[PDB]
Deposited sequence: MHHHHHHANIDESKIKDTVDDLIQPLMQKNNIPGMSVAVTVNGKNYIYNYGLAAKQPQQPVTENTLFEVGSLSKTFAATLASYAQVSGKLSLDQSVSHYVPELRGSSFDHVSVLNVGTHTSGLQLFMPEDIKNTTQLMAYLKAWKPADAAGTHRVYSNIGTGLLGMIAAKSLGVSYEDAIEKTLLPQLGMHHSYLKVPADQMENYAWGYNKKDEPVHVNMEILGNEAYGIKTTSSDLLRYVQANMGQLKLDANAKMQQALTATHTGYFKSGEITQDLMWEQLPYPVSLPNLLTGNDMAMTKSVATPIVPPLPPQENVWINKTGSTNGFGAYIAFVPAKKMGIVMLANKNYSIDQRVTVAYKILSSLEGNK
């Protein structure tokens, strides 16, 4: 249709996503965009190959590390509720760890990847007893607060501590309190039986259909399954666009900037770059998950900003996801795929789509 921005947005998105899917052999994708208070959802391809099922409005994708932002939102909710202080030590809240290295690690450190805990949970830790034994024996290579090391283990502690401060399990905190209050009714840590037909298969590096295996503290770090529509609602909530007072305060406060590292500002799990955004710096800023970098505190912390590009990547064995939004422009994007394809491509496609939107 002529003279309508919807047709123009669909053209932009189609022209980038179809070649992306072709050259990376991605079976199915959903892309959700919000701009000018309006929402646009585009579905491509297959949620499963055999029996084949199309991607639809109801299709659930694994979002991997986007799950970390929900642990951060829970901790922020606990903070604005007066139940959690981010400057206190981890061992203050986890008394089994008193006397260990966690006497000198703050909750803020595990919420900003500055504890020094390693990226991956050790494979042989299966239960709480093994986890605590590992944590009581652990010592960082550098003092907590000096370096940024992206960590699933630190995120796990952030979510565990937040949930306990609210007097519930993490799974209950998310599925009975947080997601319902955000109106995200098709988002789960455990997909129920009536939604299994909507749960896309992921396709791994051998093109085999796979679903994520949930291990200890995995809910916090990589457990969320959701639709692109639900995550677009989350993006709008993070920009204050929805009615839904403590929940809005909690969402906004996760965008507080606590450390600078490389090109990015580390917020509470979210990461942000200056807007207008340099594509080279956006690419550099999204290549920080596996190496150590120097972290410099921002004190007083930088208040939540409008004139920034806020983003998070996530992946599992079978899936690749990305969210970005710019509060000053009330625009955002969610890209979900059932193949894990390189983050530089996710970020470049997102940059091109949001740059087209004014």
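A.B. asks: If you line up the deposited sequence with the model, which stretches have no C-alpha coordinates?
C.D. replies: Seq positions lacking coordinates: 1-6, 251-253, 368-370.
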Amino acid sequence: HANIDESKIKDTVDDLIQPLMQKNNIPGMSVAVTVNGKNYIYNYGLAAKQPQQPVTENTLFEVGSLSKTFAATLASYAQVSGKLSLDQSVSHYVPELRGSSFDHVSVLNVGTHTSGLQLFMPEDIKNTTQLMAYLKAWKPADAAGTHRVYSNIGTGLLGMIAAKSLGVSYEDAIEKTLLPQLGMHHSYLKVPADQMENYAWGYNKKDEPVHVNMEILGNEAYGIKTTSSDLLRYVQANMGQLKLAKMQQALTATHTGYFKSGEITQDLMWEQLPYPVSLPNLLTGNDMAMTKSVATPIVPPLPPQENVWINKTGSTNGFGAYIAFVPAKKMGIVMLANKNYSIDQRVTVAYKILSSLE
From here on, numbers count along this sequence of modelled residues.
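A.B. asks: Among other entries of this protein with both neighbours modelled, does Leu97 go without coordinates in a third or more of them?
C.D. replies: Across the compared entries, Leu97 is modelled every time.
A.B. asks: Specify whether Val168 falls into a modelling gap in a third or more of the other PDB entries of this protein.
C.D. replies: No; none of the other entries leave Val168 out.
A.B. asks: Per the record, averaged over C-alpha atoms, which has the higher B-factor: 135-143 or 223-231?
C.D. replies: Higher of the two, by average CA B-factor, is 135-143.
A.B. asks: Given the B-factors recorded for C-alpha atoms, which segment has the greater mean, 187-195 or 148-156?
C.D. replies: Higher of the two, by average CA B-factor, is 187-195.
A.B. asks: Could you tell me which one of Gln118, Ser76, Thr256, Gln241 shows the highest CA temperature factor in the PDB record?
C.D. replies: When the deposited C-alpha B-factors of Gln118, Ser76, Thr256, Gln241 are compared, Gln241 is largest.
A.B. asks: Quiz for you: based on the deposited Cα B-factor, which of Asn311, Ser315, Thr59, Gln50 is highest?
C.D. replies: Reading the PDB entry, the winner on C-alpha B-factor is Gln50.
A.B. asks: Taking the C-alpha B-factors as the PDB entry records them, is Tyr93 in the lowest, middle or highest third of its chain?
C.D. replies: It belongs to the highest third of the chain when residues are ordered by C-alpha B-factor.
A.B. asks: Using the temperature factors of the C-alpha atoms in this entry, rank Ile323 within its chain: lowest, middle or highest third.
C.D. replies: It belongs to the lowest third of the chain when residues are ordered by C-alpha B-factor.
A.B. asks: Among all modelled residues of this chain, ranked by Cα B factor, put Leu336 in the bottom, middle or top third, i.e. lowest, middle or highest.
C.D. replies: As the PDB entry reports it, the C-alpha B-factor of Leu336 lands in the lowest third of its chain.
A.B. asks: Thinking about Cα B factors across the chain, which third does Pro301 belong to?
C.D. replies: For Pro301, the deposited C-alpha B-factor lands in the middle third.
A.B. asks: According to the PDB entry, is the CA B factor of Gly111 in the bottom, middle or top third of its chain, that is, lowest, middle or highest?
C.D. replies: Lowest third - that is where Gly111 ends up once the chain's C-alpha B-factors are sorted.
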